[PDB]
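Peer 1: The structure's right below; bear with me while I get my questions together.
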Amino acid sequence: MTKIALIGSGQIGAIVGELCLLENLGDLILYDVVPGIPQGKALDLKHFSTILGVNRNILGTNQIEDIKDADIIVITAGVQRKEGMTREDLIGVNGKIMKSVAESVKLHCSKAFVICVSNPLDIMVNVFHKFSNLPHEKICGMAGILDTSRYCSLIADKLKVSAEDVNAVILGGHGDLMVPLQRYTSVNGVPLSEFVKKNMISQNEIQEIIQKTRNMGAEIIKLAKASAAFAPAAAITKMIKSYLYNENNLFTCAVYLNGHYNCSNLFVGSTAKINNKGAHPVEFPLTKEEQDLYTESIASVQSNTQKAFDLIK
Amino acid sequence: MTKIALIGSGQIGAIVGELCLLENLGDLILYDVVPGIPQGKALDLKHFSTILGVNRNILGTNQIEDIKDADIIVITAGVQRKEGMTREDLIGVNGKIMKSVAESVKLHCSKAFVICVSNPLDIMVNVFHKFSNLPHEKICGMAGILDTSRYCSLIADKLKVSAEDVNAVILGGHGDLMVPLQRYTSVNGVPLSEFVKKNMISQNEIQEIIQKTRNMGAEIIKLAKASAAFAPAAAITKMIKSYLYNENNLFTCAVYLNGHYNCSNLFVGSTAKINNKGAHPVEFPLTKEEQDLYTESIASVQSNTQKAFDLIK
Amino acid sequence: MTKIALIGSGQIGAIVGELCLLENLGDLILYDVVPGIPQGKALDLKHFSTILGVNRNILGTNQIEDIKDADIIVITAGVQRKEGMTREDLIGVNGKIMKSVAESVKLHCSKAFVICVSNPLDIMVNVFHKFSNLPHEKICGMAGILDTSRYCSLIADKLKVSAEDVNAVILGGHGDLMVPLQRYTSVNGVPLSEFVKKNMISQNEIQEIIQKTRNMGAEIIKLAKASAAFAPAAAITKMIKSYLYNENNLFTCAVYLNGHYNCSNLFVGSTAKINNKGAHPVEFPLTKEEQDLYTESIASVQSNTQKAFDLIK
Amino acid sequence: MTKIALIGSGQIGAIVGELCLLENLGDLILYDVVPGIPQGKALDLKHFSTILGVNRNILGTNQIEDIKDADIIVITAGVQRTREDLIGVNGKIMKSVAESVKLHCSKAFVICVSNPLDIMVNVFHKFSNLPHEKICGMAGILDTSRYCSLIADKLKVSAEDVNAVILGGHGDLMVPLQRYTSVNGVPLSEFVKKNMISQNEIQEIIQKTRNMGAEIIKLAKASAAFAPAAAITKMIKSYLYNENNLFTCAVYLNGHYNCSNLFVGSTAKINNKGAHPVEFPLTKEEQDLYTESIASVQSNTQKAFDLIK
Amino acid sequence: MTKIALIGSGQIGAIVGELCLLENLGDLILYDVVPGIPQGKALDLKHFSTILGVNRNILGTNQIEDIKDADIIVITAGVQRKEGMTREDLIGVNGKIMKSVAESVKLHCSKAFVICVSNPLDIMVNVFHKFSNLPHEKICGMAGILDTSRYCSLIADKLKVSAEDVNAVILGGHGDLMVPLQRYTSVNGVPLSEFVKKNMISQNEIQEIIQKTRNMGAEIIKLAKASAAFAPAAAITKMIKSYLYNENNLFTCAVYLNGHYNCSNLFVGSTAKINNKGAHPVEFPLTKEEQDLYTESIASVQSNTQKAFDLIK
C-alpha cells in the first residue's frame with residue numbers, strides 16, 4: 001500500500017527505486033520531465049523484479065499529478081555537476097527546478113515525507129521548504145550519511161578494520177566546509193582517540209582523511225566521468241526505511257535547525273533522528289572549536305541560500 | 001576468498017558488482033579499458049558497501065593482469081546499440097573487442113567460469129570460445145533469463161497473477177528469432193494451456209506477448225534512450241550464484257550445443273543447468289514445429305557467427 | 001505501522017515471528033495462554049533484532065485484548081500430535097480452543113486477515129470461520145505450501161536439479177488424502193511428464209515420492225520427536241507477504257470453496273491467490289480421475305468438520 | 001563448497017543452521033549424539049530451504065566422522081542449566097568433542113557455545129590440539145546486544161547503531177564499558193551530559209544485562225536460543241567472508257590486558273585466519289574489574305581440568 | 001431436442017405442460033401412475049398445440065422408463081391437502097411416493113435437472129435428494145416464487161401500482177414460518193421503506209399482507225375447493241426457463257444450503273440463482289432479527305424432514 005515517488009529518473013532515482021524494490025519498501029512511482037525515460041526504466045525494473053521475486057507495483061510517468069498520495073518523495077530532479085564545477089555552480093539552474101517541484105508537491109501530496117537530493121544539497125532543501133508549504137520536520141536532505149560513509153570507509157582502511165561498525169558524526173553543509181568530529185568517531189564503540197594513543201593512526205593521517213572526504217564527490221566525478229550514484233541511493237534508502245518503519249535512527253542529514261547549535265531558521269547538515277513523524281534535530285554538546293567550525297559552515301549555507309532565493313527572481 | 005572480475009565497468013557491470021556485494025558473492029575486480037572509470041565506480045561501491053554493512057574487497061583497475069585467479073568473469077566490454085540499430089550491427093566492432101578479451105583471459109585466468117554479455121550475445125559467446133581456449137562448459141552467455149523474465153512478466157500481468165512463480169523456456173538466439181514455448185510455460189506449476197481453456201488468456205493475446213518480448217530490448221532503448229541495465233545484471237547474478245553455490249538450476253542461456261536439438265558445435269540460447277563445473281545443455285522433447293522454429297533461429301546464429309569470424313580479419 | 005498477531009507462542013509462532021522480523025513485515029504481538037512464555041520469547045527476539053539490525057516493535061502478552069487492530073493473525077494455539085497419533089485425533093481438544101480464539105478475534109479485531117495453522121488443519125479453519133463471523137476470503141489455513149515444498153523437494157532430489165524452480169499443485173486436505181498433480185508439476189517451466197519421457201524419473205519413483213510426501217509430517221515427528229516447525233513457519237510467512245504486499249501469488253492453501261471443484265461451503269486445500277483483499281479460490285480444469293480423487297479428499301474434510309462441530313457441544 | 005558442522009542439534013544449533021541457510025553460508029552437517037533428532041531437523045530444514053529458495057545441502061547425522069573437512073564447527077553439545085556438576089558434566093562432553101575434532105577435521109574454525117562458556121573454550125583448546133586463533137567462544141556479542149538494546153530503549157533511539165564493548169567472562173563478572181559505548185558514533189557520556197539518561201539508569205541496565213540469561217530462563221522456561229544463534233552466525237560470517245569485524249568473544253589472550261595463556265571474553269577481530277585479540281587502553285579501574293573477571297575464569301578453568309579426572 | 005418430463009399429470013403438471021408448449025421450451029413427456037389419464041391430457045394438449053401453432057412433441061405415458069434422457073423433470077406426484085389440513089399432514093403418504101419417484105429418476109435419467117413440487121414442499125425435496133443420488137445443485141423445489149408473487153401482488157394492490165416490477169425476497173419453508181423481507185422488497189427499484197416514509201403504506205398494513213401471504217394457500221383451498229394450480233405452474237415454468245436458457249436468474253426456491261445462513265445439509269427455501277448447471281444458493285447479509293426468524297423456519301424444516309425419513313421405514 002505504501003507509495004514511494006521518485007521525482008527524477010536519473011541514475012540515483014533508478015537505483016533508489018531498485019533498492020526499494022529489493023526490500024519491498026513500497027510501490028514505485030518513477031517521474032521525470034523527459035518523455036519516455038521513466039517508462040523505459042520502469043520496464044527494466046519490472047523485469048528485474050520478476051527475476052528476483054519482488055512483486056511491488058512500478059509506474060513510469062511524465063504526469064506529475066501521479067505523485068498523488070505518495071507517502072515518500074525523493075527529489076533528484078536537476079542538473080548534476082561536471083568536472084571542474086563546484087556544487088554551488090548549479091545554484092541558478094537547480095533552484096528554479098526545485099521551486100517548480102516544491103509547487104507540485106504542494107498541490108498534489110502535502111502529507112508526504114520529502115527527501116531532497118539535488119545539489120547544492122543544503123541550499124536546495126531550503127528552497128524546497130520555502131515554496132512547498134510543508135511542515136519543516138517533513139523535509140530533509142540526504143548528505144551526511146554519504147559523507148560519513150566516505151570518512152568511515154577511509155578510517156576503516158587505515159586501521160585495518162571492518163567499516164561495518166565504524167561510526168561518525170559529520171556536521172555542516174555538504175561541501176568543503178563539512179566538520180567531521182573526531183570525538184564522535186567510534187570503532188564498534190571504541191573512540192577514535194584510543195587508536196591515536198595506541199599509535200595505530202596519527203593526527204596527520206586523520207586530517208588527510210578529512211581532506212579526501214571533502215573532495216570525494218569531485219574525485220569520483222574526475223575518475224568515473226559521472227557523479228556518485230550507488231552510495232547516494234543507499235543512503236536515501238536508509239532514510240526512507242527509518243521513516244516508514246518508525247526506526248528513530250540517529251543520522252546526519254540536512255534538517256531544520258531551530259535554536260540548535262546557535263542556529264535557527266535554516267536547513268543544514270546536522271545530527272537528527274528520523275521516525276514516523278519526520279526528521280528531528282538533536283543537539284549535542286560541542287566544544288568551542290567544534291562549534292566555531294560548524295558555525296562557519298552554517299554561514300556559507302546561509303549566504304548561498306540567500307543567493308539562491310535572489311537568483312530565483 | 002572468491003574473486004569476481006567484471007570486464008567492462010559500464011552500467012551492467014557496475015550494477016552486477018552492486019548485486020554481488022549485496023549477497024556477499026565475492027571480492028570484485030572492476031576492469032575497464034578507459035582510465036579512471038573503474039577506480040571511481042569502485043569508490044562509489046565501497047561507500048555503498050559501508051552504508052549497507054557489506055565488507056567485500058573492491059578494486060577498480062585498468063590493468064587487465066589484475067584479472068588473475070578470478071573465479072568468475074563477466075564480460076560487458078563493447079559498444080551498445082542505439083535507436084534504429086539491430087544487435088547484429090555491432091558485429092564488426094564488438095567481435096574485435098571480444099577476441100582481445102578472450103586473449104587476455106587465455107593468458108591470465110584460464111580456470112574461470114565466463115559469462116559473456118556483449119551484443120549480439122550468442123555470436124559474441126562463439127567468438128570468445130574460439131580465441132579463449134577454455135573448455136566449452138566454462139563459457140556461456142546470459143540472455144534467456146532476461147527474455148524469459150520479460151515474457152513471464154507480461155504473462156503474469158495479463159493473468160492478474162504474481163510474476164514470482166511464472167516460469168518459461170525460451171530457446172534460441174537473443175534476437176527476433178527467439179522461440180518462447182507455450183508448452184513449457186507454467187504458473188506455479190499449472191501449464192499456460194489451462195489458463196487458455198479457462199478463457200483467462202487467448203492465443204492472440206499470447207502471440208501479442210511473444211511479439212512484445214522480441215522487441216522489448218529495442219522498446220526500452222527507444223523509451224529510456226539507453227539499453228536495459230537492471231534486469232540484465234540480475235540475470236547475470238543469478239547465473240553467478242548458480243555456479244558459486246553449485247545450485248544446478250535449470251535456465252535458458254547461450255551454451256555449447258553438441259548433438260542437442262539437432263545442433264552441434266555452436267553456442268546458442270538453450271535449456272541448460274549451471275553448477276560448480278559450468279553450463280551443461282539439457283535436451284527436452286520438442287514437437288516438429290517447435291524444433292523447426294528453433295533450427296531456424298540456430299541458422300541465423302550460425303550465419304552471423306561465420307560473418308563475425310570473417311569480419312575479424 | 002503493520003501489526004502481526006501470533007496467537008500461540010510455541011515453536012511455529014516464534015519462528016514466524018523471527019522470519020517477520022527478518023523481512024521487517026511488521027510489529028509483533030506474541031500471545032499465549034501460558035503466563036511468562038510470550039514475554040520471554042519476546043525478550044529473546046528483541047535481542048535477536050538488535051544483533052541483526054531490525055527495529056520493529058515486539059510485545060509478549062497473556063492479555064488477548066492486545067490483539068486489537070492486528071492486520072494479520074496467525075493461529076497456532078492448540079495441541080500438537082505425538083508419535084502414533086493422526087492429526088484427526090486432535091479434533092476434540094483443538095476444536096474447542098479454535099472456537100475460543102474465533103470468539104476473541106470476533107470481538108477484538110474483526111478486520112484482520114487470519115492464517116490458521118492448528119491441526120487437523122482444514123477442519124480447524126472451518127471451525128474458526130463458523131465462530132469468528134469474518135468474511136470467508138479473510139480466513140485461510142496453511143498446508144499446501146508445506147506439502148508442496150516436500151513433494152517438490154523430493155522431485156528435485158531425484159532429478160538432480162535445484163528445488164528452486166520446481167513447482168507443483170497439491171489439492172485437498174492436509175492429510176493422507178492429498179492429491180499431488182503430476183500434470184501441474186514443472187521444473188522451471190518444463191512439465192514433469194517430459195522428464196518421464198526422457199527416462200530421468202519413472203512413474204513408480206513418483207508414486208514413492210507421493211507416499212513420502214503424505215507421511216512426511218509423521219516421519220519428522222518420529223525422527224525429531226517434535227513436529228516440523230521451520231518449514232511451516234516459512235510457508236506462513238510466504239502467505240503473510242502475499243497479503244501485506246498485495247502480491248497476488250498463486251498457492252495451495254485451505255480456502256473457502258464456493259462452486260469450485262464441485263464443492264461449496266467448505267474450507268479445504270485448493271488452488272488460491274492471496275492479495276490485499278484475502279484468499280480467493282481459482283478453479284483449474286481437472287481430469288475426471290483427478291477430480292474424483294479430489295472429491296474423495298473433500299468428503300473426509302466434510303465428515304470430520306461435521307464431527308468437529310458435533311464434538312464442540 | 002563451504003561445510004558448516006553443528007555439533008549439537010538442539011535449539012541453538014538448529015536456528016544457527018536456519019540462519020546459515022538464509023544467507024547461503026554453506027552446506028550444513030547437523031550432528032547430535034541422540035539418534036533420529038538431527039535427521040528430523042534436517043528434513044524440516046530442507047523443506048524450509050525449498051519454500052525460501054535456498055539450495056544448500058543439509059545432512060543430519062549421528063556419525064561424528066561426517067564432520068570431516070568442515071570449514072566451520074559450532075559446538076552447542078552439552079547440558080543447559082551443583083555448579084561443579086555443570087562445569088562437571090559439560091567439561092567431559094567438551095573434551096570428547098575436542099578429541100573428535102582433533103582426528104576428523106583439524107583445519108576447522110571452531111566456535112564453542114556450551115556453558116560455562118569461557119571455561120569450556122579453554123577445555124576445548126586443551127584436548128583439541130588446534131591453533132589458538134582457530135578457536136573461540138561466543139558470548140560478548142550476546143551480552144552486548146542485550147546491553148545495547150536496553151540503552152537504545154532508554155534513549156528512544158534505534159538499537160541499529162548502538163555499539164559497545166563488554167569485556168570478561170560470560171557471567172556475573174562482565175565488564176560493560178561506558179567509555180566504549182556509542183550511538184552512531186556519539187559517546188554515551190554525551191547523552192548523560194544532555195540528561196537523556198542517568199548514571200543510575202545505566203547501572204540498572206548493566207544489572208539487567210548480567211541477569212538477562214537467567215530472566216529469560218525464568219520467563220520462557222528455556223534458555224535463550226534466537227539471539228545466541230544470530231551472534232554465532234555473525235561470527236561465522238566474519239570468518240567465511242574475511243570481514244575482519246571487531247567483536248567481543250572468548251579468545252586466546254597472550255600478553256593482552258595483563259593476561260596470558262587463557263581464553264576469556266575480550267575485544268577481537270575475526271577474519272580468514274581466525275580470532276585475533278586486540279588490546280585497547282583501559283583505565284586502572286576498568287582494568288582492575290577486567291582482571292577480577294579474568295581471575296574467576298582462571299580458577300574455574302583449573303577446577304574444570306581437575307574435575308575431568 | 002430438449003425433453004421435459006412431468007412426473008404427475010394433475011392440474012399443475014398439465015398446466016406446466018401447457019406453458020412449456022406456449023414458449024416452445026421442449027418436447028413433453030406426461031407421466032402418471034393412473035392409466036389413461038396422461039394419454040388423454042396429451043391428446044388435448046396436441047389439439048391445443050395445433051390451434052396455437054406450436055409443434056413440439058407430446059407423449060402421454062404410464063411407463064416411467066419413458067422418462068429416459070429427460071433434460072428436465074417436474075414432480076407433482078402425490079396427494080394434495082384438503083380444507084382444514086396442513087401441508088405437513090401429507091408427510092406420511094407423499095414421502096413414500098417421493099422416494100419411489102426418486103428411485104425411478106436414479107435409474108432412468110440421472111443427468112436431469114429436477115424441480116420438486118409435492119407437499120410439504122421443502123420436506124419432499126429433502127426426501128428426493130436422499131433416495132435419488134443426484135448432485136444437490138441439480139435438485140430444487142418451487143415455492144418462493146409463488147409466495148413472492150402473492151406478497152408482491154398484495155403490496156402492489158395497496159400501493160396502487162403495477163405488480164409487474166414489484167420484487168421481493170421470501171426466505172424459509174413453504175409454510176406458516178415464511179420470512180418475507182421488507183428490506184429486500186422494491187417497486188421498480190425503489191425500496192418499500194420509501195413508501196412507508198411517504199405514508200403510502202403502514203407497518204401494520206404490511207404485517208396484514210405478510211399474514212395473507214402465509215395463509216394464501218389455505219384460503220384458495222377454502223374458496224376454490226382445490227389447491228392453486230395456475231400460479232404454481234407459472235413459477236415452475238420460470239425455473240425451467242432459467243435452467244434451459246442459462247439465465248442465471250435470482251429467485252427464492254428450495255435449495256441445498258451448505259454453510260449459508262448458518263445452515264448446512266438441508267434443502268430449504270432460500271435465495272438462489274438458476275442456470276445451466278442447476279440451482280446455487282447465494283447468501284445475503286441478514287440482520288440478527290431476520291436471521292433469527294429464518295433459523296426458526298429452518299428448524300421446522302429440519303424436524304419435519306427427520307419425521308419424514310422416520311415414517312418412510
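In the C-alpha cells, each chain is lettered A, B, ... as it comes, each chain's residues begin at 1, and ligands are numbered from 1 in order of appearance.
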Residues of chain D that approach chain B to 10 Å or less, counting only C-alpha atoms: could you list each one with the shortest pair of atoms and its distance in Å to one decimal, rows by chain and increasing residue number, as a Markdown table?

Peer 2:
| residue | atom | partner | partner_atom | distance |
| --- | --- | --- | --- | --- |
| D:1 | CA | B:245 | CA | 6.9 |
| D:2 | CA | B:245 | CA | 9.1 |
| D:23 | CA | B:23 | CA | 7.9 |
| D:24 | CA | B:245 | CA | 8.0 |
| D:25 | CA | B:245 | CA | 9.4 |
| D:26 | CA | B:245 | CA | 8.3 |
| D:27 | CA | B:245 | CA | 9.4 |
| D:54 | CA | B:247 | CA | 9.0 |
| D:55 | CA | B:247 | CA | 6.1 |
| D:56 | CA | B:247 | CA | 7.5 |
| D:57 | CA | B:247 | CA | 9.5 |
| D:237 | CA | B:24 | CA | 9.8 |
| D:238 | CA | B:55 | CA | 9.2 |
| D:240 | CA | B:1 | CA | 8.2 |
| D:241 | CA | B:1 | CA | 7.1 |
| D:242 | CA | B:1 | CA | 7.5 |
| D:243 | CA | B:55 | CA | 5.7 |
| D:244 | CA | B:55 | CA | 8.6 |
| D:245 | CA | B:55 | CA | 9.0 |
| D:272 | CA | B:1 | CA | 8.4 |

Peer 1: Should the cut-off be 8 Å, what would the residue list for chain E against chain C look like, counting only C-alpha atoms, as a list in words?

Peer 2: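 Applying the cut-off to the listed atoms yields residues 258, 259 and 260 of chain E.
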
Peer 1: So that I can check the surroundings of residue 186 in chain E, please list as a PyMOL selection string every protein, DNA and RNA residue that reaches within 10 Å of it, counting only C-alpha atoms and ignoring chain neighbours fewer than 5 positions away.

Peer 2: chain E and resi 152+155+165-169+191-195

Peer 1: Neighbours of residue 18 in chain C within 9 Å (only C-alpha atoms; same-chain residues fewer than 3 positions away dropped), as a list in words?

Peer 2: residues 13, 14, 15, 21, 22, 45, 48 and 49 of chain C; 226 of chain D

Peer 1: Would you mind exporting C-alpha atoms of the selected residues as a compact mmCIF listing (two decimals), in the first residue's frame?

Peer 2:
# COMPACT_ATOMS: atom_id res chain seq x y z
CA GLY C 13 4.73 -18.93 16.27
CA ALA C 14 8.16 -17.92 17.47
CA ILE C 15 9.86 -18.83 14.18
CA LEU C 21 11.38 -9.60 11.86
CA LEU C 22 13.96 -10.62 9.32
CA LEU C 45 13.51 -11.90 19.78
CA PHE C 48 17.93 -11.13 18.00
CA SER C 49 16.56 -7.94 16.36
CA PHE D 226 17.39 -16.84 18.76

Peer 1: If DSSP is run on the backbone, what residues of range 130-259 of chain E are strand (DSSP E)? A reply as number ranges by chain would be ideal.

Peer 2: E: 139-141, 166-171, 179-187, 190-191, 249-259

Peer 1: Can you tell me, as a tab-separated table (two decimals) with N, CA, C and O atoms, in the first residue's frame, what residues are no more than 8 Å from residue 301 in chain D when counting only C-alpha atoms, ignoring any on the same chain fewer than 2 positions away?

Peer 2:
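Resulting contents of out-v2.tsv:
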chain	number	residue	atom	x	y	z
D	119	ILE	N	35.08	-21.13	30.24
D	119	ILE	CA	35.74	-22.33	30.81
D	119	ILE	C	35.80	-23.41	29.75
D	119	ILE	O	36.82	-23.99	29.49
D	120	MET	N	34.67	-23.67	29.12
D	120	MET	CA	34.59	-24.73	28.11
D	120	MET	C	35.47	-24.51	26.85
D	120	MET	O	35.85	-25.47	26.18
D	122	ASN	N	38.43	-22.91	26.94
D	122	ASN	CA	39.70	-23.45	27.45
D	122	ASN	C	39.79	-25.03	27.49
D	122	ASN	O	40.87	-25.58	27.16
D	123	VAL	N	38.70	-25.72	27.82
D	123	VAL	CA	38.74	-27.22	27.80
D	123	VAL	C	38.92	-27.65	26.36
D	123	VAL	O	39.74	-28.51	26.07
D	297	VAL	N	37.78	-16.82	35.85
D	297	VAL	CA	37.85	-17.68	34.70
D	297	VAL	C	39.05	-18.63	34.87
D	297	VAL	O	38.91	-19.81	34.62
D	298	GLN	N	40.17	-18.07	35.29
D	298	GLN	CA	41.36	-18.88	35.67
D	298	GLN	C	41.09	-20.02	36.67
D	298	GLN	O	41.27	-21.15	36.33
D	299	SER	N	40.54	-19.65	37.84
D	299	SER	CA	40.16	-20.58	38.89
D	299	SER	C	39.26	-21.67	38.36
D	299	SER	O	39.55	-22.85	38.50
D	303	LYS	N	39.69	-25.75	38.07
D	303	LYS	CA	38.62	-26.61	38.56
D	303	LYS	C	38.12	-27.57	37.48
D	303	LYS	O	37.90	-28.75	37.74
D	304	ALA	N	37.85	-27.07	36.30
D	304	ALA	CA	37.33	-27.91	35.25
D	304	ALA	C	38.29	-28.99	34.87
D	304	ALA	O	37.86	-30.12	34.65
D	305	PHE	N	39.57	-28.64	34.71
D	305	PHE	CA	40.60	-29.63	34.33
D	305	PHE	C	40.72	-30.69	35.38
D	305	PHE	O	40.79	-31.88	35.09

Peer 1: Counting only C-alpha atoms, what is within 10 Å of residue 123 in chain A, bar same-chain residues fewer than 2 positions away, as a list in words?

Peer 2: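 So, after excluding close chain neighbours, the residues are residues 88, 91, 94, 95, 118, 119, 120, 121, 125, 126, 127, 128, 141, 173, 174, 254, 266, 267, 268, 300, 301, 302, 303, 304, 305, 306, 307, 308 and 309 of chain A.
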
Peer 1: Generate the output file for the selected residues, N, CA, C and O atoms, as a compact mmCIF listing (two decimals), in the first residue's frame.

Peer 2:
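Below is the file that was written, out.txt:
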# COMPACT_ATOMS: atom_id res chain seq x y z
N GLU A 88 27.98 24.44 -5.99
CA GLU A 88 27.36 25.77 -5.88
C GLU A 88 27.08 26.35 -7.31
O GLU A 88 26.20 27.14 -7.41
N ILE A 91 23.47 26.29 -8.49
CA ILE A 91 22.53 27.11 -7.77
C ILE A 91 21.45 27.78 -8.66
O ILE A 91 20.27 27.65 -8.36
N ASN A 94 19.26 24.91 -10.72
CA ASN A 94 18.54 23.92 -9.84
C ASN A 94 17.52 24.50 -8.88
O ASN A 94 16.49 23.85 -8.57
N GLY A 95 17.78 25.74 -8.45
CA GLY A 95 16.86 26.47 -7.56
C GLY A 95 15.51 26.59 -8.23
O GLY A 95 14.50 26.46 -7.58
N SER A 118 18.91 16.84 -4.99
CA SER A 118 19.55 17.90 -5.88
C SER A 118 20.58 18.80 -5.24
O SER A 118 20.36 19.35 -4.21
N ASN A 119 21.70 18.98 -5.92
CA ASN A 119 22.75 19.89 -5.45
C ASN A 119 22.59 21.37 -5.87
O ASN A 119 21.80 21.69 -6.73
N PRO A 120 23.29 22.27 -5.17
CA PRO A 120 23.91 22.00 -3.83
C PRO A 120 22.89 21.71 -2.70
O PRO A 120 21.96 22.43 -2.49
N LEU A 121 23.15 20.58 -1.99
CA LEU A 121 22.10 19.86 -1.23
C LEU A 121 21.45 20.70 -0.22
O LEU A 121 20.22 20.98 -0.30
N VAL A 125 17.37 22.04 -0.28
CA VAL A 125 16.42 21.75 0.78
C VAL A 125 15.74 23.00 1.26
O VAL A 125 14.48 23.08 1.34
N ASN A 126 16.53 24.01 1.55
CA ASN A 126 15.90 25.37 1.93
C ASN A 126 14.92 25.92 0.88
O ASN A 126 13.88 26.52 1.20
N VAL A 127 15.27 25.75 -0.36
CA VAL A 127 14.41 26.27 -1.46
C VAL A 127 13.12 25.45 -1.39
O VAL A 127 12.03 26.00 -1.52
N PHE A 128 13.24 24.12 -1.24
CA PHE A 128 12.02 23.27 -1.24
C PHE A 128 11.09 23.65 -0.11
O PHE A 128 9.89 23.74 -0.30
N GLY A 141 17.25 16.55 3.68
CA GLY A 141 18.06 16.16 2.61
C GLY A 141 19.06 15.17 3.00
O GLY A 141 19.69 15.30 4.04
N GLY A 173 27.37 21.68 6.03
CA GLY A 173 26.95 21.63 4.65
C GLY A 173 27.67 20.62 3.88
O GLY A 173 28.78 20.23 4.19
N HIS A 174 26.97 20.07 2.91
CA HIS A 174 27.56 19.08 2.04
C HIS A 174 28.45 19.94 1.03
O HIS A 174 28.08 20.22 -0.11
N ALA A 254 20.45 16.88 6.29
CA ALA A 254 20.05 18.27 6.26
C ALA A 254 18.69 18.34 6.91
O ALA A 254 17.77 17.74 6.37
N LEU A 266 17.04 27.62 9.29
CA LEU A 266 17.87 27.13 8.18
C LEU A 266 17.98 25.58 8.19
O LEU A 266 18.02 24.96 9.27
N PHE A 267 17.85 25.00 7.00
CA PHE A 267 18.11 23.54 6.81
C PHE A 267 19.58 23.42 6.52
O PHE A 267 20.11 24.17 5.72
N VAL A 268 20.25 22.61 7.31
CA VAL A 268 21.66 22.40 7.17
C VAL A 268 22.01 21.00 7.79
O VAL A 268 21.31 20.52 8.69
N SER A 300 28.17 29.79 5.29
CA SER A 300 28.13 29.53 3.83
C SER A 300 26.83 29.09 3.31
O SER A 300 26.31 29.64 2.32
N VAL A 301 26.20 28.22 4.06
CA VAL A 301 24.89 27.75 3.70
C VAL A 301 23.89 28.87 3.73
O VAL A 301 23.06 29.01 2.84
N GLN A 302 23.93 29.67 4.81
CA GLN A 302 23.08 30.91 4.92
C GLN A 302 23.25 31.76 3.65
O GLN A 302 22.24 32.09 3.01
N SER A 303 24.50 32.13 3.33
CA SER A 303 24.86 33.06 2.20
C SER A 303 24.32 32.51 0.91
O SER A 303 23.53 33.21 0.23
N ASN A 304 24.68 31.22 0.65
CA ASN A 304 24.32 30.57 -0.59
C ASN A 304 22.81 30.32 -0.73
O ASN A 304 22.26 30.38 -1.86
N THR A 305 22.13 30.27 0.40
CA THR A 305 20.71 30.13 0.38
C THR A 305 20.09 31.40 -0.07
O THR A 305 19.07 31.37 -0.76
N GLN A 306 20.56 32.51 0.53
CA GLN A 306 20.06 33.81 0.17
C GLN A 306 20.29 34.06 -1.34
O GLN A 306 19.35 34.39 -2.03
N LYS A 307 21.52 33.84 -1.78
CA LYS A 307 21.89 33.79 -3.21
C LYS A 307 20.94 33.03 -4.08
O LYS A 307 20.40 33.57 -5.04
N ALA A 308 20.53 31.90 -3.62
CA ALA A 308 19.55 31.12 -4.32
C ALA A 308 18.19 31.75 -4.41
O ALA A 308 17.60 31.74 -5.49
N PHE A 309 17.66 32.22 -3.30
CA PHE A 309 16.35 32.96 -3.27
C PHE A 309 16.37 34.20 -4.17
O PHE A 309 15.46 34.38 -4.99

Peer 1: Could you list, as a VMD selection string, every residue within 8 Å of residue 38 in chain B, counting only C-alpha atoms and ignoring same-chain residues fewer than 2 positions away?

Peer 2: (chain A and resid 223 to 224) or (chain B and resid 9 30 to 32 35 to 36 40 to 42 60 to 62)

Peer 1: So that I have them on file, write out the residues from the current selection with N, CA, C and O atoms, as a tab-separated table (two decimals), in the first residue's frame.

Peer 2:
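Result file part18.tsv:
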chain	number	residue	atom	x	y	z
A	223	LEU	N	37.32	10.79	-11.88
A	223	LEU	CA	37.62	9.39	-12.28
A	223	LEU	C	36.50	8.77	-13.14
A	223	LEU	O	36.76	8.30	-14.26
A	224	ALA	N	35.28	8.68	-12.61
A	224	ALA	CA	34.19	7.96	-13.28
A	224	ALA	C	33.53	8.77	-14.40
A	224	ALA	O	32.68	8.25	-15.09
B	9	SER	N	33.25	-1.91	-17.12
B	9	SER	CA	32.67	-1.15	-15.99
B	9	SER	C	31.54	-0.14	-16.35
B	9	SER	O	31.41	0.88	-15.72
B	30	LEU	N	36.93	-4.65	-10.77
B	30	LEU	CA	36.29	-3.82	-11.79
B	30	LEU	C	37.32	-3.37	-12.79
B	30	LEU	O	38.20	-2.57	-12.45
B	31	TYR	N	37.24	-3.93	-13.99
B	31	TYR	CA	38.15	-3.63	-15.05
B	31	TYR	C	37.42	-2.83	-16.15
B	31	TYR	O	36.27	-3.14	-16.55
B	32	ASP	N	38.15	-1.87	-16.68
B	32	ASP	CA	37.75	-1.23	-18.00
B	32	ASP	C	39.02	-0.77	-18.73
B	32	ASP	O	40.10	-0.53	-18.11
B	35	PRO	N	40.72	4.89	-18.66
B	35	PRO	CA	41.34	5.16	-17.34
B	35	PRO	C	40.46	5.98	-16.44
B	35	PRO	O	39.62	6.77	-16.93
B	36	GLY	N	40.53	5.67	-15.12
B	36	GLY	CA	39.77	6.34	-14.12
B	36	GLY	C	38.39	5.77	-13.90
B	36	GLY	O	37.90	5.93	-12.77
B	40	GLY	N	36.72	5.02	-10.05
B	40	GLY	CA	35.69	5.88	-9.49
B	40	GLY	C	34.43	5.11	-9.11
B	40	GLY	O	33.79	5.46	-8.10
B	41	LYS	N	34.04	4.16	-9.96
B	41	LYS	CA	32.90	3.35	-9.65
B	41	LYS	C	33.19	2.38	-8.37
B	41	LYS	O	32.39	2.30	-7.49
B	42	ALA	N	34.45	1.94	-8.28
B	42	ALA	CA	34.91	1.23	-7.13
B	42	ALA	C	34.75	2.08	-5.91
B	42	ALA	O	34.42	1.58	-4.85
B	60	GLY	N	39.20	-1.25	-8.46
B	60	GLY	CA	38.98	-0.66	-9.82
B	60	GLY	C	40.31	-0.54	-10.52
B	60	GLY	O	41.27	-0.08	-9.95
B	61	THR	N	40.39	-1.08	-11.71
B	61	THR	CA	41.68	-1.21	-12.38
B	61	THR	C	41.58	-1.05	-13.91
B	61	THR	O	40.56	-1.36	-14.54
B	62	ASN	N	42.69	-0.56	-14.46
B	62	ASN	CA	42.89	-0.58	-15.93
B	62	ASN	C	43.90	-1.64	-16.41
B	62	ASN	O	44.16	-1.73	-17.62

Peer 1: Please run DSSP on the backbone and report, as a PyMOL selection string, all residues within range 22-226 of chain A that come out as helix (DSSP H, G or I).

Peer 2: chain A and resi 22+37-52+64-67+87-108+121-132+136-138+144-159+192-197+203-224

Peer 1: Provide the CA of residue 64 in chain C to CA of residue 139 in chain C distance in Å, to one decimal place.

Peer 2: 18.9 Å
